[PDB]
$ cat start37.pdb   # PDB, C-alpha atoms
ATOM      1  CA  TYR U   4       0.000   0.000   0.000  1.00  0.00           C
ATOM      2  CA  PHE U   5       3.111   2.187  -0.064  1.00  0.00           C
ATOM      3  CA  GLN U   6       2.493   3.131  -3.697  1.00  0.00           C
ATOM      4  CA  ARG U   7       0.865   5.312  -4.546  1.00  0.00           C
ATOM      5  CA  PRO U   8       2.459   6.968  -1.506  1.00  0.00           C
ATOM      6  CA  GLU U   9       0.375  10.156  -1.468  1.00  0.00           C
ATOM      7  CA  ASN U  10      -1.734   8.765   1.357  1.00  0.00           C
ATOM      8  CA  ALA U  11       0.506   8.879   4.415  1.00  0.00           C
ATOM      9  CA  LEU U  12       1.097  12.595   4.003  1.00  0.00           C
ATOM     10  CA  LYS U  13      -2.559  13.328   3.229  1.00  0.00           C
ATOM     11  CA  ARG U  14      -3.664  11.452   6.369  1.00  0.00           C
ATOM     12  CA  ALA U  15      -1.068  13.414   8.321  1.00  0.00           C
ATOM     13  CA  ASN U  16      -2.618  16.675   7.112  1.00  0.00           C
ATOM     14  CA  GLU U  17      -6.056  15.244   7.931  1.00  0.00           C
ATOM     15  CA  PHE U  18      -4.945  14.339  11.446  1.00  0.00           C
ATOM     16  CA  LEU U  19      -3.592  17.853  11.919  1.00  0.00           C
ATOM     17  CA  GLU U  20      -6.832  19.411  10.646  1.00  0.00           C
ATOM     18  CA  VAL U  21      -8.596  17.668  13.525  1.00  0.00           C
ATOM     19  CA  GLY U  22      -5.881  19.070  15.782  1.00  0.00           C
ATOM     20  CA  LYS U  23      -4.324  15.709  16.649  1.00  0.00           C
ATOM     21  CA  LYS U  24      -0.838  16.914  15.705  1.00  0.00           C
ATOM     22  CA  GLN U  25       1.084  14.420  17.806  1.00  0.00           C
ATOM     23  CA  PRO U  26      -0.933  11.500  16.430  1.00  0.00           C
ATOM     24  CA  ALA U  27      -0.076  12.786  12.963  1.00  0.00           C
ATOM     25  CA  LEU U  28       3.648  12.942  13.748  1.00  0.00           C
ATOM     26  CA  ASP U  29       3.698   9.507  15.334  1.00  0.00           C
ATOM     27  CA  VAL U  30       1.862   8.189  12.268  1.00  0.00           C
ATOM     28  CA  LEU U  31       4.544   9.408   9.872  1.00  0.00           C
ATOM     29  CA  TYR U  32       7.239   7.957  12.123  1.00  0.00           C
ATOM     30  CA  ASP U  33       5.551   4.583  11.640  1.00  0.00           C
ATOM     31  CA  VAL U  34       5.724   5.006   7.877  1.00  0.00           C
ATOM     32  CA  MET U  35       9.348   6.006   7.457  1.00  0.00           C
ATOM     33  CA  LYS U  36      10.657   3.524  10.004  1.00  0.00           C
ATOM     34  CA  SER U  37       8.695   0.630   8.514  1.00  0.00           C
ATOM     35  CA  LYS U  38      10.651  -2.504   7.592  1.00  0.00           C
ATOM     36  CA  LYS U  39       9.348  -2.364   4.021  1.00  0.00           C
ATOM     37  CA  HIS U  40      11.251   0.905   3.546  1.00  0.00           C
ATOM     38  CA  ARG U  41      14.581  -0.553   2.405  1.00  0.00           C
ATOM     39  CA  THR U  42      12.808  -2.233  -0.510  1.00  0.00           C
ATOM     40  CA  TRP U  43      11.018   1.074  -1.074  1.00  0.00           C
ATOM     41  CA  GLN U  44      12.408   3.895  -3.213  1.00  0.00           C
ATOM     42  CA  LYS U  45      14.487   6.874  -2.064  1.00  0.00           C
ATOM     43  CA  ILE U  46      11.449   9.014  -2.867  1.00  0.00           C
ATOM     44  CA  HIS U  47       9.815   8.122   0.456  1.00  0.00           C
ATOM     45  CA  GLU U  48      12.794   9.910   1.976  1.00  0.00           C
ATOM     46  CA  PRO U  49      10.872  12.911   0.673  1.00  0.00           C
ATOM     47  CA  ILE U  50       8.001  11.868   2.976  1.00  0.00           C
ATOM     48  CA  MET U  51      10.426  11.135   5.791  1.00  0.00           C
ATOM     49  CA  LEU U  52      11.790  14.652   5.389  1.00  0.00           C
ATOM     50  CA  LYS U  53       8.287  16.099   5.700  1.00  0.00           C
ATOM     51  CA  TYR U  54       7.677  14.027   8.833  1.00  0.00           C
ATOM     52  CA  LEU U  55      10.961  15.248  10.310  1.00  0.00           C
ATOM     53  CA  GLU U  56       9.823  18.772   9.531  1.00  0.00           C
ATOM     54  CA  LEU U  57       6.552  18.471  11.501  1.00  0.00           C
ATOM     55  CA  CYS U  58       8.642  17.102  14.388  1.00  0.00           C
ATOM     56  CA  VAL U  59      10.291  20.504  14.349  1.00  0.00           C
ATOM     57  CA  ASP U  60       7.062  22.372  15.060  1.00  0.00           C
ATOM     58  CA  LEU U  61       6.291  20.081  17.988  1.00  0.00           C
ATOM     59  CA  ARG U  62       9.916  20.277  19.181  1.00  0.00           C
ATOM     60  CA  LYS U  63       9.887  16.478  19.434  1.00  0.00           C
ATOM     61  CA  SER U  64      13.654  16.107  19.190  1.00  0.00           C
ATOM     62  CA  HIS U  65      13.856  12.591  20.600  1.00  0.00           C
ATOM     63  CA  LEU U  66      11.418  11.195  18.049  1.00  0.00           C
ATOM     64  CA  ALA U  67      13.210  13.117  15.305  1.00  0.00           C
ATOM     65  CA  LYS U  68      16.632  11.625  16.123  1.00  0.00           C
ATOM     66  CA  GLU U  69      15.084   8.182  16.263  1.00  0.00           C
ATOM     67  CA  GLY U  70      13.208   8.766  13.014  1.00  0.00           C
ATOM     68  CA  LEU U  71      16.347   9.811  11.162  1.00  0.00           C
ATOM     69  CA  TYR U  72      18.622   7.089  12.588  1.00  0.00           C
ATOM     70  CA  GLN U  73      16.067   4.344  12.089  1.00  0.00           C
ATOM     71  CA  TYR U  74      15.342   5.568   8.558  1.00  0.00           C
ATOM     72  CA  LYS U  75      19.071   5.688   7.789  1.00  0.00           C
ATOM     73  CA  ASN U  76      19.619   2.099   9.011  1.00  0.00           C
ATOM     74  CA  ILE U  77      16.884   0.938   6.634  1.00  0.00           C
ATOM     75  CA  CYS U  78      17.826   2.947   3.568  1.00  0.00           C
ATOM     76  CA  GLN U  79      21.523   2.205   3.185  1.00  0.00           C
ATOM     77  CA  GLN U  80      20.548  -0.171   0.386  1.00  0.00           C
ATOM     78  CA  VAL U  81      19.234   2.420  -2.071  1.00  0.00           C
ATOM     79  CA  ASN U  82      18.630   6.156  -2.300  1.00  0.00           C
ATOM     80  CA  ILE U  83      21.488   6.419   0.171  1.00  0.00           C
ATOM     81  CA  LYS U  84      22.176  10.094  -0.483  1.00  0.00           C
ATOM     82  CA  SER U  85      18.605  10.608   0.702  1.00  0.00           C
ATOM     83  CA  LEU U  86      20.000  10.346   4.236  1.00  0.00           C
ATOM     84  CA  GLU U  87      22.179  13.402   3.590  1.00  0.00           C
ATOM     85  CA  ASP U  88      19.196  15.161   2.050  1.00  0.00           C
ATOM     86  CA  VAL U  89      16.899  14.641   5.019  1.00  0.00           C
ATOM     87  CA  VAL U  90      19.798  15.629   7.246  1.00  0.00           C
ATOM     88  CA  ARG U  91      20.063  18.854   5.304  1.00  0.00           C
ATOM     89  CA  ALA U  92      16.274  19.261   5.441  1.00  0.00           C
ATOM     90  CA  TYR U  93      16.167  18.828   9.231  1.00  0.00           C
ATOM     91  CA  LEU U  94      18.943  21.379   9.711  1.00  0.00           C
ATOM     92  CA  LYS U  95      17.315  23.913   7.401  1.00  0.00           C
ATOM     93  CA  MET U  96      13.977  23.536   9.242  1.00  0.00           C
ATOM     94  CA  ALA U  97      15.337  24.080  12.723  1.00  0.00           C
ATOM     95  CA  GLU U  98      17.579  26.814  11.338  1.00  0.00           C
ATOM     96  CA  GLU U  99      14.433  28.614  10.094  1.00  0.00           C
ATOM     97  CA  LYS U 100      12.580  28.202  13.387  1.00  0.00           C
ATOM     98  CA  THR U 101      15.470  30.064  15.000  1.00  0.00           C
ATOM     99  CA  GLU U 102      14.918  32.873  12.506  1.00  0.00           C
ATOM    100  CA  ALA U 103      11.228  33.023  13.399  1.00  0.00           C
ATOM    101  CA  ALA U 104      11.572  32.958  17.195  1.00  0.00           C
ATOM    102  CA  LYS U 105      14.509  35.394  17.178  1.00  0.00           C
ATOM    103  CA  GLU U 106      12.843  37.857  14.800  1.00  0.00           C
ATOM    104  CA  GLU U 107       9.565  37.786  16.770  1.00  0.00           C
ATOM    105  CA  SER U 108      11.144  37.998  20.253  1.00  0.00           C
ATOM    106  CA  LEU U 146      13.299  31.238  23.349  1.00  0.00           C
ATOM    107  CA  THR U 147      16.146  29.580  25.276  1.00  0.00           C
ATOM    108  CA  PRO U 148      14.578  26.180  24.683  1.00  0.00           C
ATOM    109  CA  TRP U 149      14.567  27.031  20.996  1.00  0.00           C
ATOM    110  CA  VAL U 150      18.306  27.684  21.057  1.00  0.00           C
ATOM    111  CA  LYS U 151      18.849  24.464  22.988  1.00  0.00           C
ATOM    112  CA  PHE U 152      16.550  22.659  20.544  1.00  0.00           C
ATOM    113  CA  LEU U 153      18.700  23.948  17.714  1.00  0.00           C
ATOM    114  CA  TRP U 154      21.946  22.926  19.391  1.00  0.00           C
ATOM    115  CA  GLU U 155      20.583  19.486  20.139  1.00  0.00           C
ATOM    116  CA  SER U 156      19.583  19.213  16.476  1.00  0.00           C
ATOM    117  CA  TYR U 157      23.000  20.184  15.104  1.00  0.00           C
ATOM    118  CA  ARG U 158      24.508  17.670  17.535  1.00  0.00           C
ATOM    119  CA  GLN U 159      22.194  14.833  16.464  1.00  0.00           C
ATOM    120  CA  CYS U 160      22.789  15.433  12.750  1.00  0.00           C
ATOM    121  CA  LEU U 161      26.560  15.486  13.359  1.00  0.00           C
ATOM    122  CA  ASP U 162      26.436  12.173  15.250  1.00  0.00           C
ATOM    123  CA  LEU U 163      24.253  10.816  12.445  1.00  0.00           C
ATOM    124  CA  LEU U 164      26.522  11.818   9.571  1.00  0.00           C
ATOM    125  CA  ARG U 165      29.764  11.022  11.445  1.00  0.00           C
ATOM    126  CA  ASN U 166      32.396   8.957   9.641  1.00  0.00           C
ATOM    127  CA  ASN U 167      30.692   8.182   6.345  1.00  0.00           C
ATOM    128  CA  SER U 168      32.469   8.511   3.019  1.00  0.00           C
ATOM    129  CA  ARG U 169      29.224   9.325   1.230  1.00  0.00           C
ATOM    130  CA  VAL U 170      28.058  11.745   3.903  1.00  0.00           C
ATOM    131  CA  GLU U 171      31.363  13.624   4.304  1.00  0.00           C
ATOM    132  CA  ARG U 172      30.420  16.726   2.351  1.00  0.00           C
ATOM    133  CA  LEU U 173      27.069  17.063   4.122  1.00  0.00           C
ATOM    134  CA  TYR U 174      28.676  16.424   7.514  1.00  0.00           C
ATOM    135  CA  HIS U 175      31.342  19.042   6.798  1.00  0.00           C
ATOM    136  CA  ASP U 176      28.593  21.532   5.998  1.00  0.00           C
ATOM    137  CA  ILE U 177      26.666  21.021   9.222  1.00  0.00           C
TER     138      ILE U 177
END
$ encode --input "start37.pdb" --output "structure tokens"
Amino acid sequence: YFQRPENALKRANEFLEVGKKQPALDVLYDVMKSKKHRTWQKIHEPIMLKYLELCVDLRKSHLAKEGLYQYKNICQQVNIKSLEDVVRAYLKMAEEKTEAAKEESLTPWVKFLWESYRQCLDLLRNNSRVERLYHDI
């Protein structure tokens, strides 16, 4: 039922429309950390990136780290760069939340950001294919 894969994201939006944001986030986590994922195309990594992004709004850092790591362990097989791309995505998302909170004003948000940088660095650490992305972060 993965393909067409326009359903997980839709249902996430639906779950948020009813205001059950956390249920929506946890739902996407289930999708991207599913065992069928390795067989699945790198494209889902797009979906995983979106899920990681919602995670940012809810400041659910723990779930985010676990989402990314667990997704990475599954995906090594194919669409490997995808890991670097969702890493980049995560960083750009938290890096924009800092812009928002700073421009509107907050400590937690700085700590959230630090914790995010740290997690991405420990995720990308020591990987030939992730060296450029790691160096960037």
$ residues_around --input "start37.pdb" --residues "region 68-76 of chain U" --least-positions-apart "4" --cutoff "10 Å" --atoms "all atoms listed in the file" --output "MDAnalysis selection string"
chainID U and resid 29 31:38 40:41 48 51:52 54:55 58 63:64 80 83:87 89:90 93 155:156 159:160 162:164
$ atom_distance --input "start37.pdb" --atom1 "CA of residue 59 (chain U)" --atom2 "CA of residue 82 (chain U)"
23.5 Å
$ axis_aligned_box --input "start37.pdb" --around "region 98-107 of chain U" --padding-each-side "3 Å" --output "JSON"
{"center_x": 13.6, "center_y": 32.3, "center_z": 13.6, "size_x": 14.0, "size_y": 17.0, "size_z": 13.1}
$ closest_residue --input "start37.pdb" --among "U:172, U:6, U:94, U:30" --to "residue 152 (chain U)" --atoms "all atoms listed in the file"
U:94
$ resolve_selection --input "start37.pdb" --expression "the PyMOL selection byres ((chain U and resi 11) around 10)" --output "PyMOL selection string"
chain U and resi 4-5+7-10+12-17+27+30-31+33-35+50+54
$ atom_distance --input "start37.pdb" --atom1 "CA of residue 167 (chain U)" --atom2 "CA of residue 95 (chain U)"
20.7 Å
$ closest_residue --input "start37.pdb" --among "U:165, U:170, U:60, U:20" --to "residue 103 (chain U)" --atoms "all atoms listed in the file"
U:60
$ resolve_selection --input "start37.pdb" --expression "the PyMOL selection byres ((chain U and resi 150) around 12)" --output "ChimeraX atom specification"
/U:62,97-105,146-149,151-157
$ atom_distance --input "start37.pdb" --atom1 "CA of residue 56 (chain U)" --atom2 "CA of residue 91 (chain U)"
11.1 Å
$ build_atoms --input "start37.pdb" --residues "region 58-71 of chain U" --atoms "N, CA, C and O atoms" --output "PDB file, in the coordinates of the input"
ATOM      1  N   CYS U  58       7.815  17.363  13.227  1.00  0.00           N
ATOM      2  CA  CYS U  58       8.642  17.102  14.388  1.00  0.00           C
ATOM      3  C   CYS U  58       9.298  18.369  14.895  1.00  0.00           C
ATOM      4  O   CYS U  58       9.430  18.575  16.102  1.00  0.00           O
ATOM      5  N   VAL U  59       9.670  19.245  13.971  1.00  0.00           N
ATOM      6  CA  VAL U  59      10.291  20.504  14.349  1.00  0.00           C
ATOM      7  C   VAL U  59       9.298  21.429  15.035  1.00  0.00           C
ATOM      8  O   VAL U  59       9.612  22.038  16.057  1.00  0.00           O
ATOM      9  N   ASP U  60       8.099  21.532  14.473  1.00  0.00           N
ATOM     10  CA  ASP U  60       7.062  22.372  15.060  1.00  0.00           C
ATOM     11  C   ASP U  60       6.700  21.941  16.473  1.00  0.00           C
ATOM     12  O   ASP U  60       6.506  22.778  17.357  1.00  0.00           O
ATOM     13  N   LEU U  61       6.615  20.633  16.678  1.00  0.00           N
ATOM     14  CA  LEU U  61       6.291  20.081  17.988  1.00  0.00           C
ATOM     15  C   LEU U  61       7.503  19.973  18.909  1.00  0.00           C
ATOM     16  O   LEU U  61       7.371  19.542  20.055  1.00  0.00           O
ATOM     17  N   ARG U  62       8.677  20.355  18.405  1.00  0.00           N
ATOM     18  CA  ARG U  62       9.916  20.277  19.181  1.00  0.00           C
ATOM     19  C   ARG U  62      10.143  18.889  19.760  1.00  0.00           C
ATOM     20  O   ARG U  62      10.667  18.753  20.861  1.00  0.00           O
ATOM     21  N   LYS U  63       9.718  17.868  19.020  1.00  0.00           N
ATOM     22  CA  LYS U  63       9.887  16.478  19.434  1.00  0.00           C
ATOM     23  C   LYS U  63      11.247  15.922  18.998  1.00  0.00           C
ATOM     24  O   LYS U  63      11.331  15.011  18.179  1.00  0.00           O
ATOM     25  N   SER U  64      12.307  16.467  19.579  1.00  0.00           N
ATOM     26  CA  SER U  64      13.654  16.107  19.190  1.00  0.00           C
ATOM     27  C   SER U  64      14.003  14.634  19.314  1.00  0.00           C
ATOM     28  O   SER U  64      14.689  14.084  18.450  1.00  0.00           O
ATOM     29  N   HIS U  65      13.539  13.993  20.382  1.00  0.00           N
ATOM     30  CA  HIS U  65      13.856  12.591  20.600  1.00  0.00           C
ATOM     31  C   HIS U  65      13.331  11.746  19.459  1.00  0.00           C
ATOM     32  O   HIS U  65      14.077  10.958  18.871  1.00  0.00           O
ATOM     33  N   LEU U  66      12.055  11.933  19.135  1.00  0.00           N
ATOM     34  CA  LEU U  66      11.418  11.195  18.049  1.00  0.00           C
ATOM     35  C   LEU U  66      12.091  11.469  16.711  1.00  0.00           C
ATOM     36  O   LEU U  66      12.242  10.571  15.885  1.00  0.00           O
ATOM     37  N   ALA U  67      12.486  12.719  16.503  1.00  0.00           N
ATOM     38  CA  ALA U  67      13.210  13.117  15.305  1.00  0.00           C
ATOM     39  C   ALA U  67      14.534  12.375  15.137  1.00  0.00           C
ATOM     40  O   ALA U  67      14.828  11.880  14.049  1.00  0.00           O
ATOM     41  N   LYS U  68      15.345  12.323  16.194  1.00  0.00           N
ATOM     42  CA  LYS U  68      16.632  11.625  16.123  1.00  0.00           C
ATOM     43  C   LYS U  68      16.376  10.165  15.799  1.00  0.00           C
ATOM     44  O   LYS U  68      17.034   9.582  14.938  1.00  0.00           O
ATOM     45  N   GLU U  69      15.390   9.584  16.478  1.00  0.00           N
ATOM     46  CA  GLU U  69      15.084   8.182  16.263  1.00  0.00           C
ATOM     47  C   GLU U  69      14.546   7.942  14.861  1.00  0.00           C
ATOM     48  O   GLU U  69      14.874   6.935  14.236  1.00  0.00           O
ATOM     49  N   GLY U  70      13.729   8.868  14.364  1.00  0.00           N
ATOM     50  CA  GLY U  70      13.208   8.766  13.014  1.00  0.00           C
ATOM     51  C   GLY U  70      14.336   8.725  12.003  1.00  0.00           C
ATOM     52  O   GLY U  70      14.420   7.806  11.187  1.00  0.00           O
ATOM     53  N   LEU U  71      15.217   9.717  12.074  1.00  0.00           N
ATOM     54  CA  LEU U  71      16.347   9.811  11.162  1.00  0.00           C
ATOM     55  C   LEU U  71      17.290   8.611  11.233  1.00  0.00           C
ATOM     56  O   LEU U  71      17.623   8.034  10.198  1.00  0.00           O
TER      57      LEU U  71
END
